[PDB]
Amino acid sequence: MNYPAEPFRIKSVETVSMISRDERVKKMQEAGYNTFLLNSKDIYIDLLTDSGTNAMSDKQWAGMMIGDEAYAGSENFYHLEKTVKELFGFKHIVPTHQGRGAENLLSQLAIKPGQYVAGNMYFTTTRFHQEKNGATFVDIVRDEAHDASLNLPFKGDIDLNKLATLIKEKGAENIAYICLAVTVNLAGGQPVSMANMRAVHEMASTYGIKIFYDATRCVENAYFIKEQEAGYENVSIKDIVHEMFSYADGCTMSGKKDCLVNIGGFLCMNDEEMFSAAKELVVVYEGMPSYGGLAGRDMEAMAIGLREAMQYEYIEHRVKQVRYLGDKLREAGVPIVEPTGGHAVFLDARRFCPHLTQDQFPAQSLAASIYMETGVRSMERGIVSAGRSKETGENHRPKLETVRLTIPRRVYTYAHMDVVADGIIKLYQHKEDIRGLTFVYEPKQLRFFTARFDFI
């Protein structure tokens, strides 16, 4: 079915104050037209992020009641360890409080100063930890991933020729690891094929280069393989996930994404040497290796949630709900990154607002307008988030001037997707009336989080 019904019932709800348009305009002005400054209580549908915003199940909430809060030897740790070894196949696990904690560990352990990390695009925290520990990031994604209009499957795939060029020019010994992300967030959540994971493993194996997955949306990725990669139609999500990780030496995972939890992550690896070093290191940043900065109840919820994510109907519905939002927007001509990824729809605010110049902040303006018209919060991922250049004082001009509609798992319905799409379509049909913005408060750093604007 194009748009299957939810393969679950609602067990409990979060109530919403259904405030008026006038009230939303006031709240938006009080937030300086910056959606990052809005209060959660003033938001109907919060699409700021799919990270940690997921609805847990009744079974996960039952697990939340039997947290074994012991510092070592917790039953919840054993459950998480058993589940991750079974489903991902790695020999060892170190829990962390979320994904960036695992990235801190991996990059400290696996990078020597002056080395390169080759990846299919990048994510802010992952790249920070690579660079902080002395690596230079090299993008080896296929060229097509950078073409936001191209409707192509498996746009997250690595170009093996780019990897070959890096090996030839820099030397395999100088590549700390290949960081293969599933899905690829910067391209809109685009999946990587099993064939590509296998090919990257074969080339890396020839040269002794380690591969670590940035695995935060690996289950969404597995769904795309099942749906679209020839031969996988009748392979279970579980068996796809297991095969995916068979082509990796380890992973960093955010449970806040595909493990259906509000907090939690982990680092996996296969060898005793890195496992021993990771256990020593985790103590000072996260906690003992037996909890890694998580309550026992959260190790339990994450173990339960990762197993729930293997249910075909759950992940099919998850991805097809995002697809529905993209389909409704595309039918109305709204400019979006193509094809729709696993977790979000990215609006092209530059094309959405052709009457605004980039220094009038099309993405920031569009996000503000979306909230005022619907109560939907979305994230600016454009010139404002790109920051101001410390050298010239000019704004960095990113290629993507994006508004991100990021969909939490199991929280919203198709009717909520219609609220989102209908309001965006109404804005697009009168796009020339969307007012641009100008800074009235701009901090020197992290400006997306607290900058304030007025209209122009």
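Each residue number is its position in the shown sequence, starting from 1.
Problem set entry | Average Cα temperature factor in the PDB entry - higher stretch of 109 to 117, 314 to 322 | According to the PDB entry, the answer is 109 to 117.
For this session: Return whichever of 398 to 406 and 34 to 42 has the greater mean Cα B factor according to the PDB record.
Result: The entry gives the higher C-alpha B-factor average to 398 to 406.
For this session: Specify which of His129, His343, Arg377, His355 carries the largest Cα B factor in the deposited PDB entry.
Result: Of the candidates given, the C-alpha B-factor peaks at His355.
Exercise. Based on what the PDB entry reports, which of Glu144, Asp249, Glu103, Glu220 has the top C-alpha B-factor?
Worked result: Within the set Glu144, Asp249, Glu103, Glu220, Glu144 shows the top C-alpha B-factor.
Exercise. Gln445: which third of its chain by C-alpha temperature factor?
Worked result: It belongs to the highest third of the chain when residues are ordered by C-alpha B-factor.
Exercise. By the record's CA B-factor, is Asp422 among the lowest, middle or highest third of residues in the chain?
Worked result: According to the entry, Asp422 has a C-alpha B-factor in the chain's middle third.
For this session: Name the third of the chain's ranked CA B-factors that contains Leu281, choosing lowest, middle or highest.
Result: Tercile = middle for this residue's CA B-factor.
Exercise. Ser20: which third of its chain by C-alpha temperature factor?
Worked result: Highest third - that is where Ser20 ends up once the chain's C-alpha B-factors are sorted.
Exercise. So where's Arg381 on the chain's Cα temperature factor ranking, which third?
Worked result: According to the entry, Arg381 has a C-alpha B-factor in the chain's highest third.
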